[PDB]
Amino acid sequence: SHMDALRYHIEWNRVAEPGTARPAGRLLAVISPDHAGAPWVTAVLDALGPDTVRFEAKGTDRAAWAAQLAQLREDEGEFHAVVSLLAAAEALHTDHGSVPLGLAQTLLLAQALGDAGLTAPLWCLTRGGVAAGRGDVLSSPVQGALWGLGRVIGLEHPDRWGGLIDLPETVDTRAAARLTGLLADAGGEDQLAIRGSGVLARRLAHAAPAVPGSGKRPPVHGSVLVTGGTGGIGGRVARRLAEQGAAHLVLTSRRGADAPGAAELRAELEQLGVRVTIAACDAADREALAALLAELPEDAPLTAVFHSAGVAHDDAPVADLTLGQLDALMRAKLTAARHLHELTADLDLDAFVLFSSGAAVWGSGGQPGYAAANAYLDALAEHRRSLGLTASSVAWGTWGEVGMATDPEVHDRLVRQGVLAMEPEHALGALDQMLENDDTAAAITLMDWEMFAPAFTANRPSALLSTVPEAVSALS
């Protein structure tokens, strides 16, 4: 129950139908002009009406947009809300190959709105960026990344953040009226999915307790690939896999066998009877991943991937983050997980496990780029399930003992927010509960809700935490 207590999941609950009147003040719609053709972008522009002012966000030029926005705000006076359709730009930015153009443009729009003093709440619309409601299909993991950024905008700029709304693929008049009614007043909700059945909103809940055996997890066997396998959590994952039956562990990281601690890790694993391969290669390098897969023993086919590669450093507040910082944070997450997905789809793996973060699940100030990068992982795991493929996303809280949060700097701030350091064995024992259940998505975190809830909600309420009774109690 100690391990059950670490597991949470995202659910979607029905909320009230909104009012029937459109907003009284003027809306400002923001369009990516090369990527304004999708049906849902037309349906949304039509629902906003012809009195809505339209801003075409061209390229990625913060100072140019700040100037253009300042002119609009001068001419129009205050807007009621800003409605961004930038998410429809899913093509990669030409200069930053791991950043979807719409993600870069949404960052620069949040930045330029603050620069210009346009204060109306920003709403970021997606289509297929969340899996909400029974049978729902997350069709665009790229747009799913924009939710990780948006939750961090709502932490950093709470007064000028509206929220996120996912649209259905057909935006009929019932969907349009939910939309415009939420923009009038959203009832204090800010992470919303419009579906045929109603409006759903995002919630964090404790996961159901483990059912010993219920997931038909197959025995660990053959070759298992742990990207980031020489790093802190990846090394501990590899040890556990060795103890459990893996014939062969393939560990990767940019430094490979030159990684800190690598020789000792190899010796620890080989003592347990496992074949060990340690390779040096960037998880975003598709050709190197293909070569690595082509090399596998005939008698030890790839049976599972654990994607632990990642960096969190050189992030910045939303107001300051650059596209080159965002690219570097996205590389081992979006680019590398897309390669892993595409080169293993046909292999019938037993597990495809992606390591996300609480930064992506609930949001962490100061970590927009890392939140977006991890949110892509969570969305890709739901998207793969829709294709009939296994996938799981595990959004860790804080690890103790090994890995990126052992820096007293990085450790001190997390623990002080109530995201407490987990013992490796407990974190791994909870991941094994998730994998035995074959759950698609979970956060695995030790929380002190009496510290977390009041800090997280100091400037704006969080409907997300209303389904965690300890958070409700802390706020009473």
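Residues carry their position along the shown sequence, with the first being 1.
Among other deposited entries of this protein with both flanking residues present, at least a third omit coordinates for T406. Comparing the deposited coordinates for 440-448 and 417-425, the stretch with the larger average C-alpha B-factor is 417-425. Relative to one another, 314-322 and 341-349 have unequal mean CA B-factors, and 341-349 is the one with the higher figure. Highest CA B-factor among the listed residues (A47, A430, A70, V30): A70. The residue among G196, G162, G102, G144 whose C-alpha carries the highest B-factor in the deposited model is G196. The deposited CA B-factor of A373 belongs to the lowest third of values across its chain. Residue-level temperature factors show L464 in the lowest third of its chain, judged at the C-alpha atom.
In the PDB entry, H248 places in the middle third of its chain by CA B-factor. The entry lists a Cα temperature factor for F306 that places it in the lowest third of the chain's modelled residues. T406 sits in the highest third of its chain by CA B factor, as recorded in the PDB entry.
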